[PDB]
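Numbering (the authors' numbering), first residue to last: 7 to 92.
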Amino acid sequence: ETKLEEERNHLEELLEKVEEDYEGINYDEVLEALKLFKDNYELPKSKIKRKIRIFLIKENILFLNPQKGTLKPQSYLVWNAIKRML
């Protein structure tokens with residue numbers, strides 16, 4: 007899976023940045039956020055802290071549907087990288 011290890015390396019890279027580098031984002035809260043998605047593909051956006059949602063959206067991991075007020079992985083590739091890594 008070139009395709010899936012691309013997004014796996016995307017999530018990997020993002021996760022490294024978050025632990026080491028982003029003093030603004032708690033790694034462990036990012037993990038707990040993303041893990042929600044292993045059980046449920048789409049979910050209310052209030053399930054996750056704003057700062058974190060904003061970040062994960064900015065970083066193309068999650069998509070916000072403003073009409074439905076839900077979050078979900080930006081693609082199935084992302085979703086599968088979550089399942090596999092978290």
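For each residue, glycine too, the CB sits at the ideal point set by N, CA and C.
Notebook entry, point to check: Distance, Cα to Cα, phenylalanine 61 vs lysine 23?
Noted result: Locating residue 61 in the sequence shown gives position 55, where the first residue counts as 1. Locating residue 23 in the sequence shown gives position 17, where the first residue counts as 1. Going by the C-alpha atoms only, they are around 12 Å apart.
Discussion item. Just list the residues that DSSP pairs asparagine 71 with in beta bridges.
Written reply: Reading the sequence shown from its first residue, position 65 is the one you call residue 71. According to DSSP, which records beta bridges pairwise, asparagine 71 is partnered with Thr76.
Margin query: By the three-class DSSP mapping on this structure, what secondary structure does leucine 92 have?
Written below: What you label residue 92 is simply residue 86 of the sequence shown in a count that begins at 1. In this structure, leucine 92 counts as coil in the three-state DSSP scheme.
Determine, using beta carbons only, whether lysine 53 and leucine 92 come nearer to each other than 8 Å. Here residue 53 corresponds to residue number 47 of the sequence shown, with the count starting at 1. Here residue 92 corresponds to residue number 86 of the sequence shown, with the count starting at 1. No, the pair does not count as a contact, with Cβ atoms beyond the cut-off.
- Task: Give every residue of the same chain whose Cβ lies closer than 6 Å to the Cβ of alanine 39, excluding the five residues on either side of it in the sequence, and list them in chain order.
- Result: On the sequence shown, residue 39 is found 33 positions in, with the first residue counted as 1. If you ignore the 5 residues before and after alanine 39, its C-beta comes within less than 6 Å of the C-beta of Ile54, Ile58, all in its own chain and listed in chain order.
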